[PDB]
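Enquirer: The structure under discussion is supplied below as structure tokens; questions concerning it will follow.
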Amino acid sequence: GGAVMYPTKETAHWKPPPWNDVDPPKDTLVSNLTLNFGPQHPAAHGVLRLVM
Amino acid sequence: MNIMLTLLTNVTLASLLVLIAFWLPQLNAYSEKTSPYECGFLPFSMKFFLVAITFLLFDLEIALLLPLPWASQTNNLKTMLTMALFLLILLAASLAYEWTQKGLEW
Amino acid sequence: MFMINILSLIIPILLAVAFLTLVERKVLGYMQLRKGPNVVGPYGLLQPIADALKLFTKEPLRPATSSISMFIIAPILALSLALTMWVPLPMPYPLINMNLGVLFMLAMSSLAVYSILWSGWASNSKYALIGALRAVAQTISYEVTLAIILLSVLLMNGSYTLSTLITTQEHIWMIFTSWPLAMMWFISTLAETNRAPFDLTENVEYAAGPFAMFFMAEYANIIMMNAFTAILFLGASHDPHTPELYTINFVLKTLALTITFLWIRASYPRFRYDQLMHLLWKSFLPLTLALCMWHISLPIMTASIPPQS
Amino acid sequence: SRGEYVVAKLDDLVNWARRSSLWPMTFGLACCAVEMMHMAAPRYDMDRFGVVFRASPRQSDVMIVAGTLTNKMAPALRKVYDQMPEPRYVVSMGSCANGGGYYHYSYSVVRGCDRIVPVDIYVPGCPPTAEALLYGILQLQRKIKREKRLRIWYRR
Amino acid sequence: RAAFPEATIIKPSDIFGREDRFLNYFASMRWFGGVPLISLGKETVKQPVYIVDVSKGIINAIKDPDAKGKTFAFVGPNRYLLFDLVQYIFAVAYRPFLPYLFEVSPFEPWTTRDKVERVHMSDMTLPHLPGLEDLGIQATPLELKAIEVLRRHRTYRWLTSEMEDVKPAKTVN
Amino acid sequence: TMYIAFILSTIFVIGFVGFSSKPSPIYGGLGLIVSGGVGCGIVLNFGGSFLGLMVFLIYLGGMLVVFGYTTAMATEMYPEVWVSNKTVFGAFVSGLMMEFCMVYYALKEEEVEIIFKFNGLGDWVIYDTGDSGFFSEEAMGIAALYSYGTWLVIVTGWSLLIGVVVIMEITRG
Amino acid sequence: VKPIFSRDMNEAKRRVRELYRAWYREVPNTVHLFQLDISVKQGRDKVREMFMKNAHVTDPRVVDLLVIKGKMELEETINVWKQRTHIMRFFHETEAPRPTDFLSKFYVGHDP
Amino acid sequence: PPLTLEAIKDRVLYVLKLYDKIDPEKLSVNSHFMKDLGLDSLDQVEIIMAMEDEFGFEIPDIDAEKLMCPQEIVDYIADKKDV
Amino acid sequence: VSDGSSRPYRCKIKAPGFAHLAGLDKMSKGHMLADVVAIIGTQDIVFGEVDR
Amino acid sequence: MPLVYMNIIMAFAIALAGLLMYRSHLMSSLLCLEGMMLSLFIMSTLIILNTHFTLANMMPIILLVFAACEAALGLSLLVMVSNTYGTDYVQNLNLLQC
Ligand code: SF4
């Protein structure tokens, strides 16, 4: 059991591959954008701020 | 040489106008807007790329469809017609696949 | 003398664009029960000059371009390509006669797309890139349908030579033979130039001169595309001894088509990105494919294959 | 002198261009924006004078403050104003924009947009009639016509 | 002094601020190739004063009843080596430090021969004249207000992202 | 202008060095657009009008535009030019130098041989004296694809359709 | 009386400390986000000063509401709902310092 | 190199040294923050947050109140890292 | 609210736009940015009455 | 061979060298790969034209189509990788070893 049969000093720390071929989700940073409906925008009529 | 001359003249004219629009108008002194570009810190949605790859493939199929006007002069009209219709049917089939399956989401 | 011809093709087009601005203003106003520019010069004839002078004197603000290099190349590319696209057009005799002029036009429009991408990317503005990418998506769909329609209509021309279109439409205008393709072609031209209803209101970082040149390039592209539509479908009589007749008729046709461009601009609400692409992918594209099949089969089944030479 | 004559004529040309093709931005905040629309309405038609409503403030020359500038909106007005390119002119439309008008003693109303941004033309009224606003713009055009930026540079 | 016997003469030294011609001038060396520095500006020590400090001193001098007739000299908080000062300027401005005619320009000259001499001329030190502390204004160090003048001169990613903090430059005091 | 084709080929090599130096994607994409445009010029000089417009319409017009599309949406890079950090600058300069050495060994020495034999004579010599009459050899041969190359059409079309399928399957997550 | 959130002062102090931690950790980001010219210490000094201003309160109900208001200001600051001026408003700068010495006040005006 | 109680103490004292308010002369392993170092409750909260930064974990307010001496912090970190 | 004097004690103003704009988020759920502009128009939002 | 053929072959070699010597972005490698396809297009086109290989004038077009297909594939893989990791850096592809 292990990454390699004859491990080295560097490879000793290295973790064997996951049981499922599924590597864990990393960071999972949200891509949801937070746009602001700037008042100058015509639809905002100059006096509307819509944090969206 | 004529077409090369046209390209050269157009490019030089455009670049000269860009010169007289980027460096000449900024010579006039207009005080100084001491205004920093206040920046303090990604929508890589497939919704865009899909529109791009599909366009690439359809453009490729369009490339195969370009020689058609000269291909109409062939004596083997039946074979040429069949091949042209085949290419068009394949284009339609690719469009149908994307439409029927989860595609054309744009 | 050839350089004189190049200048007599470039300068008049730019002046025509400048006055087209005024023409658009007045046309839209009078369709809105308003008088377009009427104070600045007689009937506003001096309005474009006033606009140009004001623009080239306004303080240019810097848009923190990630790559001035690129930010400056985008305007140059747009204007140069717009000027070049006029060269192959046969006003009865073209400046540069290409056996494959139509494909040259298509390629020039394809390169023009880069100006959009370069402008947004170098702008260092999230909203700029988003809007630029939307423009990329819009021009992406038009190119496919435009190419298909152009190929299908040229299947009766006999080649990609632009001059031959005059001979093909000597007796009957091409539109009477391919009117559905004409409809889709005109709408596709609207989509290409982002003229309403295919605008995406709300390259804005461009200031004064740069913006002015981008505006000029866009409007020159409008005029050139309308000219292309004229030559393709609205054929004009050409007398070899007196070409001025064809020149006059062609100019009138192009003017009519640009007036229709403005007329549509102030007639319909703007589309939505989803709606625009669900048009140029799910309504136009299938019909263009079917009509391409028809325009391939028709010459063979009717023994009307046009001459190759 | 000849130098003065050349500079003066060039300055007049520059003045003509700007005053003829003024591009205003609609900073419509309150009731006065409605009358501003009636100015652009067919009856008066500001575009006839070359004054076309430029939505983009980055491509505008005149900021027409039309309405009550509240404290919450005050920072935005100045920030938009400094993001305008020069030459930039500010036209205050309405008593609320001029000095607060009906809401001068309000707890959350700026006592005139003059405090936040320097104003060039003050249009009186509540709301000022569309002709009065059009009159103010023409007064601004005459104000630009009197400007001698180049002449002063030469005589410096 | 001859015409106005009780005139309160003030002698500031290289006022710096948002719209100043001293800090921004150094941060504009990009137009002038690298960083043109006579003898690498190694023999010049300058004492820059903050704009608000000078202005407040002027107002305080007006109110001050004994300021009349006294020649004040507005000095900066610290004396910086010209080379170190320019290095600090380019540092907070995120500008590559490249240590290295304009009078002819009819429009506002980019550089003056006298300006060049004055730049390379080390600031004088007059301890016999009243200063800001006499008027009550406490000198504000250049370091605190440096970013306000030079952050706006940032190139790409230093007003955000990396935002490396440049330590105060060595002062020749 | 007798060596126009050689000049174009050298510029082609230069652009290939430019984008092969792996610069910032945006700058590289240009290094490829320029080289692509040159290559089209070369093909036109040899008489391949249709193929010249092919690369301009498809490769430069669509293939490289979709490439740019991706670089724009997935933008996680610090912009740099070919003459930027030594990693790219040195590579660009060295590639240009190698090309120039090849050019000098090719013109001054007629029979240049590195891995293949090359002749320094102008490429105009290789052109063949012949008349096609009322023909476009390139166009006729390419149009023969629909008549002679039915098998090629079938295979290419199937590849395109399966390519659409594959693209969707890959980019379904 | 129904407590707003905390029944006892000790519970209220727990809420105060929780708010102080959030403000203390937010100050560095706030300076970055609004590109403020204040130092991280200056912002954290202001946070402590503001908390110490309301240090004489003894009613848990009042402390709860103060924490709620403190949370609201933090929410706006974190969500960038406030603008650069709004954050700087805490640091009164343009306002001239009003003296406290009676003789100084006597000279300044009729101030009671 | 597993964490040692001595190393935990070293990092704790290092953080306390970085804290300017704490007087180094009065600094000790068991020196009570509020009594021996004479700090305020907010100062104690700041110290707890600094400890969290140093050792890369989080201390709830209850445990933060519990931690009134540097040795107490060391012991809490010992339990946290199970050293 | 009248206290018997010539000046009202309290005058709360019910603006129809106020409630409509409050429900904008509910109506805007599952829509695009351009749809938000349309939803603003269909609610006929004048910020004069909304902000009173 | 004429000098033009030498230059085009050298261009192919340079693009191959750039592709094999990655730097950071996988996008740059894809650019080099497509450049090589362009160079091959130019080479084959010149050869076919000079030889007057009329029936083989369709070879460059087929090469171009398949070239852009394999590119569509590369881009699709690049975006999958970038979406998973966050960037298109070649170093990110490190889970598989040996
Ligand atoms: S001046 Fe009168 S009309 Fe104009 S915003 Fe104020 S209250 Fe409304």
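We label chains A, B, ... in the order they appear in the structure tokens, count residues from 1 in each chain, and number ligands from 1 in the order shown.
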Based on only C-alpha atoms, which of the residues in chain D come within 12 Å of chain E? I want them as JSON, numbers by chain.
Expert: {"D": [150, 153, 154, 156]}
Enquirer: Export, as a PDB file, in the first residue's frame, the selected residues with N, CA, C and O atoms.
Expert:
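Produced file selection-v5.pdb, reproduced below:
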ATOM      1  N   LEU D 150      -8.334  80.204 -25.990  1.00  0.00           N
ATOM      2  CA  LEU D 150      -7.089  80.318 -26.794  1.00  0.00           C
ATOM      3  C   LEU D 150      -6.523  81.732 -26.644  1.00  0.00           C
ATOM      4  O   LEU D 150      -5.302  81.857 -26.448  1.00  0.00           O
ATOM      5  N   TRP D 153      -4.521  82.083 -23.592  1.00  0.00           N
ATOM      6  CA  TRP D 153      -3.273  81.332 -23.692  1.00  0.00           C
ATOM      7  C   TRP D 153      -2.235  82.102 -24.499  1.00  0.00           C
ATOM      8  O   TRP D 153      -1.064  82.184 -24.110  1.00  0.00           O
ATOM      9  N   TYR D 154      -2.647  82.670 -25.634  1.00  0.00           N
ATOM     10  CA  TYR D 154      -1.736  83.480 -26.437  1.00  0.00           C
ATOM     11  C   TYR D 154      -1.299  84.728 -25.678  1.00  0.00           C
ATOM     12  O   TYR D 154      -0.125  85.112 -25.715  1.00  0.00           O
ATOM     13  N   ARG D 156      -0.589  85.391 -22.582  1.00  0.00           N
ATOM     14  CA  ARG D 156      -0.204  84.908 -21.261  1.00  0.00           C
ATOM     15  C   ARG D 156       1.291  85.097 -21.037  1.00  0.00           C
ATOM     16  O   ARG D 156       1.856  84.632 -20.046  1.00  0.00           O
TER      17      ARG D 156
END
Enquirer: Run DSSP on the backbone and give me the residues of chain G it puts in alpha helix (DSSP H), as a PyMOL selection string.
Expert: chain G and resi 9-33+40-53+60-78+84-89+102-108
Enquirer: Using only C-alpha atoms and a cut-off of 12 Å, which residues of chain D sit close to chain I? Please list them as a list in words.
Expert: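 The selection requested is residues 28, 29, 30, 31, 32, 33, 34, 67, 68, 69, 70, 72, 103 and 108 of chain D.
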Enquirer: How about saving the chosen residues, N, CA and C atoms kept, as a CSV table (one decimal), in the first residue's frame?
Expert:
chain,number,residue,atom,x,y,z
D,28,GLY,N,-31.5,63.1,-14.5
D,28,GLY,CA,-32.8,63.3,-14.0
D,28,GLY,C,-33.0,62.7,-12.6
D,29,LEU,N,-33.3,63.5,-11.6
D,29,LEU,CA,-33.4,63.1,-10.3
D,29,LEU,C,-34.9,63.2,-9.8
D,30,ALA,N,-35.6,64.2,-10.2
D,30,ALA,CA,-37.0,64.4,-9.7
D,30,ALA,C,-37.8,65.1,-10.7
D,31,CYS,N,-38.9,65.8,-10.2
D,31,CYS,CA,-39.9,66.3,-11.1
D,31,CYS,C,-39.4,67.1,-12.3
D,32,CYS,N,-38.3,67.8,-12.1
D,32,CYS,CA,-37.7,68.6,-13.2
D,32,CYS,C,-37.3,67.7,-14.4
D,33,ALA,N,-37.0,66.4,-14.2
D,33,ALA,CA,-36.6,65.5,-15.3
D,33,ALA,C,-37.8,65.4,-16.3
D,34,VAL,N,-39.0,65.5,-15.9
D,34,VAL,CA,-40.2,65.4,-16.7
D,34,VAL,C,-40.2,66.5,-17.7
D,67,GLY,N,-33.6,68.0,-10.5
D,67,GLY,CA,-34.3,67.4,-9.4
D,67,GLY,C,-33.6,67.7,-8.1
D,68,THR,N,-34.1,67.1,-7.0
D,68,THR,CA,-33.7,67.3,-5.6
D,68,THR,C,-32.4,66.5,-5.4
D,69,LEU,N,-31.3,67.1,-5.2
D,69,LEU,CA,-30.1,66.4,-4.9
D,69,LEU,C,-30.0,66.0,-3.4
D,70,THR,N,-30.4,64.8,-3.0
D,70,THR,CA,-30.4,64.3,-1.7
D,70,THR,C,-28.9,64.0,-1.2
D,72,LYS,N,-27.9,61.3,0.1
D,72,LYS,CA,-27.5,59.9,-0.4
D,72,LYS,C,-27.0,60.0,-1.8
D,103,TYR,N,-37.5,71.8,-0.3
D,103,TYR,CA,-36.9,70.9,0.7
D,103,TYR,C,-35.6,71.5,1.2
D,108,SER,N,-32.2,65.7,4.9
D,108,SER,CA,-31.4,64.9,4.0
D,108,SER,C,-31.5,65.4,2.5
Enquirer: Output as a ChimeraX atom specification the set of chain I residues within 10 Å of chain A, with distances taken over only C-alpha atoms.
Expert: /I:25,33-34,36-38,40-41,45-48
Enquirer: Can you check which parts of stretch 108-156 of chain E lie within 8 Å of stretch 75-92 of chain E? Per residue, the shortest pair of atoms and distance in Å to one decimal, counting only C-alpha atoms, sorted by chain and number, as JSON lines.
Expert:
{"residue": "E:120", "atom": "CA", "partner": "E:82", "partner_atom": "CA", "distance": 7.7}
{"residue": "E:131", "atom": "CA", "partner": "E:75", "partner_atom": "CA", "distance": 6.6}
{"residue": "E:132", "atom": "CA", "partner": "E:75", "partner_atom": "CA", "distance": 7.2}
{"residue": "E:139", "atom": "CA", "partner": "E:77", "partner_atom": "CA", "distance": 5.3}
{"residue": "E:140", "atom": "CA", "partner": "E:77", "partner_atom": "CA", "distance": 6.4}
{"residue": "E:141", "atom": "CA", "partner": "E:77", "partner_atom": "CA", "distance": 5.6}
{"residue": "E:142", "atom": "CA", "partner": "E:77", "partner_atom": "CA", "distance": 7.6}
{"residue": "E:146", "atom": "CA", "partner": "E:92", "partner_atom": "CA", "distance": 7.6}
{"residue": "E:147", "atom": "CA", "partner": "E:92", "partner_atom": "CA", "distance": 6.5}
{"residue": "E:150", "atom": "CA", "partner": "E:92", "partner_atom": "CA", "distance": 6.5}
{"residue": "E:151", "atom": "CA", "partner": "E:92", "partner_atom": "CA", "distance": 6.7}
{"residue": "E:154", "atom": "CA", "partner": "E:92", "partner_atom": "CA", "distance": 8.0}
Enquirer: Please extract the residues at most 12 Å from ligand 1, counting only C-alpha atoms and all ligand atoms, and provide them as number ranges by chain, using the chain letters and residue numbers of this document.
Expert: D: 27-36, 64-70, 92-104, 109-113, 122-130, 133; I: 47-49, 52
Enquirer: Quick one: residues within 8 Å of residue J:27, only C-alpha atoms, excluding same-chain residues fewer than 5 positions away - as a ChimeraX atom specification?
Expert: /F:25,71 /J:75,78,88
Enquirer: Save out the residues we just selected, C-alpha atoms, as a compact mmCIF listing (two decimals), in the first residue's frame.
Expert:
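File produced: part_18.txt:
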# COMPACT_ATOMS: atom_id res chain seq x y z
CA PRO F 25 -2.01 34.93 -24.98
CA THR F 71 -8.50 33.88 -23.86
CA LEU J 75 -10.10 24.44 -26.47
CA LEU J 78 -8.68 23.69 -21.86
CA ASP J 88 -5.14 27.09 -17.70
Enquirer: Can you list, as a count of residues only, all residues belonging to chain F that DSSP tags as strand (DSSP E or B)?
Expert: 6
Enquirer: Would you mind reading off the distance between atom CA of residue C:175 and atom CA of residue B:73, one decimal, in Å?
Expert: 23.7 Å
Enquirer: Within 12 Å of stretch 29-34 of chain B, counting only C-alpha atoms, which residues qualify if same-chain residues fewer than 5 places away don't, as a VMD selection string?
Expert: (chain B and resid 24) or (chain C and resid 57 to 62) or (chain D and resid 79 81 to 88 149 to 150 153) or (chain E and resid 17 to 21 24 106 to 110 148 to 154)
Enquirer: Rounded to one decimal place, report the atom CA of residue F:161-atom CA of residue B:67 distance in Å.
Expert: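 It comes out at 19.7 Å.
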Enquirer: Could you pull the residues within 9 Å of residue D:4, counting only C-alpha atoms, minus those fewer than 5 positions along the same chain, as a PyMOL selection string?
Expert: chain D and resi 9+151+154-155
Enquirer: Could you work out which residues of chain G fall inside 12 Å of chain H? Count only C-alpha atoms, and format the result as a list in words.
Expert: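 Result, ordered by chain then number: residues 10, 11, 13, 14, 15, 16, 17, 18, 19, 20, 21, 22, 23, 24, 25, 41, 44, 45, 47, 48, 49, 51, 52 and 55 of chain G.
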Enquirer: Give the answer as one residue: which of E:136, E:98, E:29, E:105 has the shortest atom-to-atom distance to residue E:63, using only C-alpha atoms?
Expert: E:136
Enquirer: Using only C-alpha atoms, select each residue of chain F with any atom at most 9 Å away from an atom of chain C, and give the selection as a list in words.
Expert: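 Close to chain C, chain F has residues 26, 27, 49, 50, 53, 54, 56, 57, 58, 60, 61, 62, 65, 68, 69, 72, 73, 75, 79, 80, 134 and 135 of chain F.
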Enquirer: For the residues in that selection, give me C-alpha atoms as a PDB file, in the first residue's frame.
Expert:
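Saved as again.pdb:
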ATOM      1  CA  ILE F  26      -3.420  38.242 -26.359  1.00  0.00           C
ATOM      2  CA  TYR F  27       0.010  39.241 -27.791  1.00  0.00           C
ATOM      3  CA  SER F  49      -6.475  32.744 -54.449  1.00  0.00           C
ATOM      4  CA  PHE F  50      -9.139  30.411 -53.062  1.00  0.00           C
ATOM      5  CA  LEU F  53      -8.871  33.435 -48.791  1.00  0.00           C
ATOM      6  CA  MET F  54      -9.563  30.058 -47.124  1.00  0.00           C
ATOM      7  CA  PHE F  56      -8.141  34.357 -44.046  1.00  0.00           C
ATOM      8  CA  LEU F  57     -11.861  33.405 -43.797  1.00  0.00           C
ATOM      9  CA  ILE F  58     -11.539  30.186 -41.708  1.00  0.00           C
ATOM     10  CA  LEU F  60      -7.730  33.745 -39.183  1.00  0.00           C
ATOM     11  CA  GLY F  61     -11.459  34.620 -39.384  1.00  0.00           C
ATOM     12  CA  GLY F  62     -12.940  31.801 -37.266  1.00  0.00           C
ATOM     13  CA  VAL F  65     -11.264  34.343 -33.320  1.00  0.00           C
ATOM     14  CA  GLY F  68      -9.267  34.759 -28.761  1.00  0.00           C
ATOM     15  CA  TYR F  69     -12.836  34.310 -27.438  1.00  0.00           C
ATOM     16  CA  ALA F  72     -10.904  36.808 -23.243  1.00  0.00           C
ATOM     17  CA  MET F  73     -13.464  34.921 -21.088  1.00  0.00           C
ATOM     18  CA  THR F  75      -8.466  35.897 -18.512  1.00  0.00           C
ATOM     19  CA  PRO F  79      -0.198  41.198 -19.921  1.00  0.00           C
ATOM     20  CA  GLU F  80       3.392  41.218 -21.326  1.00  0.00           C
ATOM     21  CA  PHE F 134     -10.416  29.675 -69.246  1.00  0.00           C
ATOM     22  CA  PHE F 135      -9.624  27.763 -66.076  1.00  0.00           C
TER      23      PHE F 135
END
Enquirer: Using only C-alpha atoms, find the residues of chain G whose closest atom to chain D is at most 12 Å away, then write them as a ChimeraX atom specification.
Expert: /G:81-86
